[PDB]
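**Q** Below is a structure I'd like to ask you about.
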Amino acid sequence: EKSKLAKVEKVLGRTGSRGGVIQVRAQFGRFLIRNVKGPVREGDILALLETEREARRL
Amino acid sequence: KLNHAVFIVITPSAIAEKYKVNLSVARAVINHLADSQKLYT
Amino acid sequence: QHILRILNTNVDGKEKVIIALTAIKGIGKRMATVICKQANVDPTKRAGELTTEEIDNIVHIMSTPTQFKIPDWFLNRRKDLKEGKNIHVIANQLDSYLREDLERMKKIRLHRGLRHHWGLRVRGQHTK
Amino acid sequence: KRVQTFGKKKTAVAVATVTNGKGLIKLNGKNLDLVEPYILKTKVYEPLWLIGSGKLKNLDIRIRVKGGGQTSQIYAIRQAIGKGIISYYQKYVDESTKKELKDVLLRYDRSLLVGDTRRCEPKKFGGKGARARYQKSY
Amino acid sequence: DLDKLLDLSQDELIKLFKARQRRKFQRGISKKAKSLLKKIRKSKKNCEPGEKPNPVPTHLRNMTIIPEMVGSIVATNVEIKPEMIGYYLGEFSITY
Amino acid sequence: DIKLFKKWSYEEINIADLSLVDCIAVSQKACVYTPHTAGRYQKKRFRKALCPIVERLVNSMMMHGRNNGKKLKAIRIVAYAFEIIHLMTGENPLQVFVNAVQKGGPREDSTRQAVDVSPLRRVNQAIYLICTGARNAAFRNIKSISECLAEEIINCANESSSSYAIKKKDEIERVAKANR
Amino acid sequence: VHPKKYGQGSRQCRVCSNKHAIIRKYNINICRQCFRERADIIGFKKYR
Amino acid sequence: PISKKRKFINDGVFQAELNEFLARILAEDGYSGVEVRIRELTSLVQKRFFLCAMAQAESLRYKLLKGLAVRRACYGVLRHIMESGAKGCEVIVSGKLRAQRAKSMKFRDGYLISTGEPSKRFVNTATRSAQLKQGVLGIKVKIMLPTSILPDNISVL
Amino acid sequence: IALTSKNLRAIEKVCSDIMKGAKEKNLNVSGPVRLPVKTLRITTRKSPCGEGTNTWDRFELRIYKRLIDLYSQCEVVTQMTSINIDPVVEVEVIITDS
Amino acid sequence: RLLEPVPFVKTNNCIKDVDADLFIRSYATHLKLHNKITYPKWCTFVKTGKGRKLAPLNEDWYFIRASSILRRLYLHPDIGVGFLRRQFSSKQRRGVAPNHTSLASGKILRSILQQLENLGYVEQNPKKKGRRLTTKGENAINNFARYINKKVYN
RNA sequence: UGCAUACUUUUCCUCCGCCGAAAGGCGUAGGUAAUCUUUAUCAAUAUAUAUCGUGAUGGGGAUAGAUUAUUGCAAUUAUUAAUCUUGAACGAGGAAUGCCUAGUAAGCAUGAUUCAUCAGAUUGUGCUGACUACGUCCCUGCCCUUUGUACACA
RNA sequence: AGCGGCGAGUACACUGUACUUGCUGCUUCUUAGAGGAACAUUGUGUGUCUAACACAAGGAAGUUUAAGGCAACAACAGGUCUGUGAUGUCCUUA
Ligand SMILES: [Mg+2]
Ligand SMILES: [Mg+2]
Ligand SMILES: [Mg+2]
Ligand SMILES: [Mg+2]
Ligand SMILES: [Zn+2]
Numbered sequence: 002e003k004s005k006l007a008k009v010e011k012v013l014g015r016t017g018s019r020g021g022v023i024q025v026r027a028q029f037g038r039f040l041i042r043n044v045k046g047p048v049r050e051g052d053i054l055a056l057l058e059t060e061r062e063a064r065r066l
Numbered sequence: 035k036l037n038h039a040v041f042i058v059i060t061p062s063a064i065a066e067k068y069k070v071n072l073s074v075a076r077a078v079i080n081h082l083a084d097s098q099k100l101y102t
Numbered sequence: 012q013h014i015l016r017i018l019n020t021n022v023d024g025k026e027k028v029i030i031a032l033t034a035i036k037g038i039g040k041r042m043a044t045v046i047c048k049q050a051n052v053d054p055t056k057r058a059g060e061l062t063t064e065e066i067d068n069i070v071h072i073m074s075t076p077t078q079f080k081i082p083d084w085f086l087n088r089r090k091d092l093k094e095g096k097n098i099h100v101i102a103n104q105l106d107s108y109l110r111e112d113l114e115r116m117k118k119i120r121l122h123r124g125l126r127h128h129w130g131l132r133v134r135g136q137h138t139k
Numbered sequence: 006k007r008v009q010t011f012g013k014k015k016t017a018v019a020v021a022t023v024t025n026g027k028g029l030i031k032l033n034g035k036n037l038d039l040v041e042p043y044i045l046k047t048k049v050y051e052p053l054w055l056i057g058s059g060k061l062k063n064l065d066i067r068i069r070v071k072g073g074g075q076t077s078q079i080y081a082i083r084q085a086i087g088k089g090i091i092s093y094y095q096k097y098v099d100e101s102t103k104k105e106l107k108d109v110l111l112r113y114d115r116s117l118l119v120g121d122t123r124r125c126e127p128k129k130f131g132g133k134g135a136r137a138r139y140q141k142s143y
Numbered sequence: 021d022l023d024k025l026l027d028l029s030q031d032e033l034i035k036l037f038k039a040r041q042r043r044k045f046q047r048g049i050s051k052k053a054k055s056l057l058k059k060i061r062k063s064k065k066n067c068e069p070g071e072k073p074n075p076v077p078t079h080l081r082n083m084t085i086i087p088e089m090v091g092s093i094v095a103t104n105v106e107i108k109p110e111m112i113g114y115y116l117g118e119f120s121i122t123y
Numbered sequence: 007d008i009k010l011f012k013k014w015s016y017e018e019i020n021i022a023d024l025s026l027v028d029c030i031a032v033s034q035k036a037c038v039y040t041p042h043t044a045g046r047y048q049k050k051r052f053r054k055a056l057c058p059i060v061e062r063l064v065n066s067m068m069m070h071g072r073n074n075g076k077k078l079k080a081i082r083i084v085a086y087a088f089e090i091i092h093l094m095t096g097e098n099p100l101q102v103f104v105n106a107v108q109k110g111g112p113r114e115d116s117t118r128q129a130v131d132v133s134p135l136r137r138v139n140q141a142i143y144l145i146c147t148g149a150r151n152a153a154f155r156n157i158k159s160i161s162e163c164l165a166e167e168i169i170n171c172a173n174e175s176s177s178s179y180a181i182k183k184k185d186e187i188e189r190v191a192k193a194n195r
Numbered sequence: 007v008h009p010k011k012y013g014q015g016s017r018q019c020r021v022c023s024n025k026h027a028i029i030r031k032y033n034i035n036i037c038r039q040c041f042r043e044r045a046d047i048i049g050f051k052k053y054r
Numbered sequence: 004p005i006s007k008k009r010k011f012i013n014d015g016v017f018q019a020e021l022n023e024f025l026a027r028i029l030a031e032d033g034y035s036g037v038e039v065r066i067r068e069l070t071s072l073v074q075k076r077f078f097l098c099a100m101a102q103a104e105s106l107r108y109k110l111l112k113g114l115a116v117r118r119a120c121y122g123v124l125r126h127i128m129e130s131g132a133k134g135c136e137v138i139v140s141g142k143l144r145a146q147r148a149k150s151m152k153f154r155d156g157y158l159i160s161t162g163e164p165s166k167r168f169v170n171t172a173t174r175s176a177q178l179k180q181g182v183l184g185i186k187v188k189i190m191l192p193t207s208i209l210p211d212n213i214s215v216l
Numbered sequence: 021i022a023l024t025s026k027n028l029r030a031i032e033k034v035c036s037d038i039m040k041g042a043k044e045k046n047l048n049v050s051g052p053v054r055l056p057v058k059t060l061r062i063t064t065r066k067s068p069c070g071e072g073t074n075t076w077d078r079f080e081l082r083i084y085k086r087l088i089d090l091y092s093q094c095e096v097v098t099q100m101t102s103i104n105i106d107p108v109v110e111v112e113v114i115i116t117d118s
Numbered sequence: 015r016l017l018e019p020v021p022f023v024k025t026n027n028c029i030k031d032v033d034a035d036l037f038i039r040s041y042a043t044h045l046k047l048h049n050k051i052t053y054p055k056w057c058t059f060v061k062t063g064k065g066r067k068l069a070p071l072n073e074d075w076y077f078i079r080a081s082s083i084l085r086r087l088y089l090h091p092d093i094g095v096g097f098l099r100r101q102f103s104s105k106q107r108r109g110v111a112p113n114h115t116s117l118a119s120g121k122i123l124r125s126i127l128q129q130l131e132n133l134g135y136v137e138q139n140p141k142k143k144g145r146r147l148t149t150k151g152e153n154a155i156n157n158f159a160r161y162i163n164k165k166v167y168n
């Protein structure tokens, strides 16, 4: 429920069989490789809830 | 259903909600008070 | 009088006069308005606050409007088939007239009448 | 003395004749008091507000509008005003002031000086619109 | 009345009728209509008060009925009453 | 002086999200007096970020076929809503709107498994949700659209699950949680 | 003989006497298929 | 008195008619012309009024009528075209042709541009339907002329 | 003088020639004014039959009307007009004081 | 209601510098006060144009119409009956078939024009085309506009 | 009512002036067209102010009944149009499936084509101006390399 | 086609504005011919630092600027002889 700010460093690869999702690297200030559903660029800040649990790279 | 009547912080909707009335009647009431969307205090 | 009776079978409840009037089978909207004008009664008032005298007057007006100022071309049922006058027919009377017309058509064995009897269109429409 | 530029949104060319005068500002034969709808009125007045009402007491303005609908017309008028005032300044008033005005306009938004290049794309057969085709049932 | 109508002029009749018919009358009536009328008249003349006269087979369905043609039968066959008047001919061709 | 609706100045407004600030620009050049901009907000990927929030709201309102391409009406409605906000439940309407926006985005969504949501997308969703809810409230009620919309906005600001958008968001969040 | 002056069967294609599908704009009076073939010679160029 | 638009269309129509008339008349001629023994023709026109592709096509048709081995004729035509300085050619002959069913036969020599306004410009095309034994043989000849320069080339000196 | 024609470049050339002729002497010639090109558009449906996704084709016969004025005597204007010319450009001279 | 802080002065001289609807209303009121124009016979039960399928519902609509016509006349040089009709056109819903534009019932307009000419406000010009304003009438209109402006200012 | 003879505007766009509730009519005027219809405005959504007030309701205009016209040699199986009245289904649509990424979707009209008359069609044109991507191969369809084939009418 | 130029007025402002009749330098708008302008130009990334892409500035415009038109080779036993006096055979011909 408590949202934690993660500034996006680099946008890795556009995942999902249908293409809606992106893989993203985000610094709080630790490297957490996460998924995003919608337009995201470098420098934009995510709304992470369940912080310490990552995604699979491409 | 809600058959509102005619014979017996200001906006028409509010009036309708409160005394159970047609909004023409609400409008009339507003006019009286004063004496196409509305706002009154 | 929340609930009223101007003619053979109406309701005419809480609605604003003209629309209440339109409940009758001279349900013209425009016609109703004209009638109101003829009467000289405020159309912003509701059906329940009307006097009985007023109602009577309205009824009278509705019956044979031709002799009143209200014009000729206007009138519901133009020449009345029965070779004579032009008059607004009103209420169940209208229905009766329609029925009579239908019967006449049937008797004639005109195509339209036949169609009506069948329960098909009349208009010229398709419905394929 | 007197300077003639245009605006342009869709089709809707508002030609702004900006002259020396007392500061009235008009459309064909009518004051900008009217325009038409009360909501959009601000889109015409905005450049004036940006530049200041005292700066236009030296400048009369007439605007001839032709073509387009309502909103487009308004936009065109705005554009004309923007081009117009600035053009006047460039010629008959100083350069620094003109530059300042331009900067102000830029800070507010585009569309005042530079034009909206969009225009109605040709309808294509097999449909009603540009892209919108009809319908297949198989 | 019917008899009265029959008695009075063509103009009057036209005025009485509904507008399409009136318009048609104004326009004219063509060469065939006259012939048809004549035929009808002949039939009437030939008639017996007990049973109706011989029919008159007709190709065309356009004719408006006028007090001339009351009492006889025409065209399959259709008898023409005074109740019909300005309601066209027809009554010919369709099934079910 | 720079202003909106010649009434609510948005020099007084505040934000306190960072991410949302980055996403929605109510700025120096995204100043506006009446929502109707003929901006080129969809010729680029992130040019919708420059778009003022009021404009976005208006666009959202504009939806539903028989009411589609009636920008002016939408604008009027939003103005009315703002006025209502100002009057009853007394606060700077812009601030309220901002608060609602902040509230509105589902932070995590489901997919074919749970994933996070970009700020812009969240904002868009919020905008949509608020308008849709308002529309629903309006439809075959009586109330009026502007009033309903205002109410919805207030609810969003509060962060209270009496309105529809908030409820939807909550549901989405729950789903996400369930997923992961 | 019956009125052949105003109707589809009144006039025809100049080219092949067909009563169907006549381009009747500008008094061309060519049935459209024929026009499509002779659009070059008449001076009708497709641009857009 | 007749309007400008109306006039133009009429003129076009007249031109077309003239062309058709010429085609009808001159089966024995290398026809292209359209600019105004011949006396009769003149009279006819008065009554009415008050290297090249078409020629080649006509020739082909004539040959067909006469009764040759077809392929040979086509080859000859191609050769002639080449001699006359054509950068490219193409002939098609589709129809019945020996067998009953089908049978379209291409005959290209030099390169033949098909797409663009260059095609419209720099090719002369012609279409004749030679009536024969049990139907029609369908000529289409297409000649690419000497260019006034093609858009594809970039000639550095 | 009104020059009606179908072919643009040719028309332009003709106009140029007439201008040149004028510039010799004695002619207060107003410049060539090209008029609104009233384009005859025919939208025919391709395909004789009703088969194939009904493609239309917008033909355009775009007539160029051109206009030019002078203060002169008839013979001189006739002479000027004689640039030889051909069947393509349709000429009309108006010799009115008004 | 209308008034606001603007960045210019308004030369309140002619009717083109006045807000329309309000002006029209004022003119109607003036007319009523005068009793200068009648309300013929058929006025009280006619429909203003094919598309309306319903009576006006304004009581003194005729006066309003007249006022509008005056304004129109002022705006344009020479204006007919047809033009007037076109101006007061609306969408006619043909029930199921889609809407068409609907030309107004011209008779009433014509009558109004006639009345105006009788009173000495409009003028059938033998040069040019159909009925423009007469100079006196124009002047009167201008005066009225000025008055309205003054009232608004007050 | 018919023919013959003489003579001249009208056959299409309609200004305008009168009659007509309306449709339309009659009289005349310009236009063989950047001139006139008409275009510094031919439209509707727009917007502003009133009447309604959630009630199959004044939403909705089907179906019907009876006239007044216009077109046409001819209008019934109603050409279309107008006037009065008739007040049906429908409370946002199941299985399925179509179209679409910026002046686009959608809404709103309108010119032209057919046309003696008649758009709910098509085809152009504009006016009001969204949402959402800015990608992916998950489906669907094409294309490619590999692979397998007893198919080649594949 | 306009814009002014200017006479002539009709209304009202200050010490010009709105509107019509009569007469005749400018080309911004109105028309339409010939030219110009964007080439990923300059800036910075990603890329075998290849072909090229992404971002930023400039700019009227940065998805060949947007939209079409044109349409190879080979077919389909696709449609059309009810478009044709393009056209075969068979039928029909008082
Ligand atoms: Mg090529
Ligand atoms: Mg069709
Ligand atoms: Mg599909
Ligand atoms: Mg095999
Ligand atoms: Zn043909």
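Protein chains in written order, with PDB author numbering: chain 5, 2 to 29, 37 to 66; chain 2, 35 to 42, 58 to 84, 97 to 102; chain S, 12 to 139; chain M, 6 to 143; chain X, 21 to 95, 103 to 123; chain I, 7 to 118, 128 to 195; chain T, 7 to 54; chain D, 4 to 39, 65 to 78, 97 to 193, 207 to 216; chain N, 21 to 118; chain Y, 15 to 168.
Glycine included, each C-beta is placed from N, C-alpha and C at the ideal position.
For the segment 43 to 63 of chain N, which residues have a beta carbon sitting closer than 8 Å to at least one beta carbon of chain T?
**A** Residues passing the 8 Å Cβ filter: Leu60, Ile62.
**Q** Any contact of the segment 38 to 47 of chain X with the segment 62 to 78 of chain X, i.e. 3+ C-beta pairs under 8 Å?
**A** In short, these stretches do not touch, since the Cβ pair count stays below three.
**Q** Return the residues of the segment 20 to 39 of chain Y that lie within a Cβ-Cβ distance of less than 9 Å from chain M, sorted by chain order.
**A** Taking 9 Å as the Cβ-Cβ cut-off against chain M, the residues of the segment 20 to 39 of chain Y that qualify are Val20, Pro21, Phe22, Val23, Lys24, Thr25, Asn26, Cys28, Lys30, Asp31, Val32, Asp33, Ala34.
**Q** Answer with yes or no whether the minimum CB distance from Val107 (chain I) to chain 5 is below 8 Å.
**A** Position 101 of the sixth sequence, counting from 1, holds the residue named residue 107 (chain I). It does not: the Cβ of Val107 (chain I) has no partner Cβ on chain 5 nearer than 8 Å.
**Q** Tell me, which residues are paired with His70 (chain I) by DSSP?
**A** Within the sixth sequence, numbered from 1, the residue matching residue 70 (chain I) stands at position 64. Partner(s): none; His70 (chain I) has no beta bridge.
**Q** Are the Cβ atoms of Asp92 (chain Y) and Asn153 (chain Y) separated by less than 8 Å?
**A** If you number the tenth sequence from 1, residue 92 (chain Y) lands on position 78. If you number the tenth sequence from 1, residue 153 (chain Y) lands on position 139. Against a cut-off of 8 Å, the Cβ pair of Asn153 (chain Y) and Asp92 (chain Y) comes out as no contact.
**Q** Using the DSSP secondary-structure output, state which residues sit across from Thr24 (chain M) in a beta bridge.
**A** Locating residue 24 (chain M) in the fourth sequence gives position 19, where the first residue counts as 1. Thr24 (chain M) pairs with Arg7 (chain M), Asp65 (chain M).
**Q** Chain N beta carbons: is any one of them nearer than 8 Å to that of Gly72 (chain M)?
**A** As a working mapping, residue 72 (chain M) is identified with position 67 in the fourth sequence. No, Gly72 (chain M) lies away from the interface with chain N (no Cβ there is under 8 Å from its Cβ).
**Q** According to DSSP, simplified to helix, strand and coil, what is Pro112 (chain Y)?
**A** On the tenth sequence, position 98 is the one that residue 112 (chain Y) refers to. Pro112 (chain Y) falls in the strand class under three-state DSSP.
**Q** Out of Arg124 (chain Y), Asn156 (chain Y), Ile162 (chain Y), state which residue places its alpha-carbon closest to the alpha-carbon of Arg79 (chain Y).
**A** As a working note, residue 79 (chain Y) is residue 65 in the tenth sequence. The residue with the shortest Cα to Cα distance from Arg79 (chain Y) is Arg124 (chain Y).
**Q** So, are the CB atoms of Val107 (chain I) and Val138 (chain I) less than 8 Å apart?
**A** On the sixth sequence, position 101 is the one that residue 107 (chain I) refers to. On the sixth sequence, position 123 is the one that residue 138 (chain I) refers to. Contact flag set, yes.
**Q** With a CB to CB cut of under 8 Å and the five nearest residues on each side skipped, what residues in its chain are close to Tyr101 (chain 2)?
**A** On the second sequence, position 40 is the one that residue 101 (chain 2) refers to. These residues qualify, in order along the chain: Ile59, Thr60, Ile79, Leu82, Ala83.
**Q** Residues of chain N with CB closer than 8 Å to the CB of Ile12 (chain D), please, in chain order.
**A** Against the eighth sequence, residue 12 (chain D) aligns to sequence position 9. Near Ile12 (chain D) (Cβ distances below 8 Å), the residues of chain N are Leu60, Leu81.
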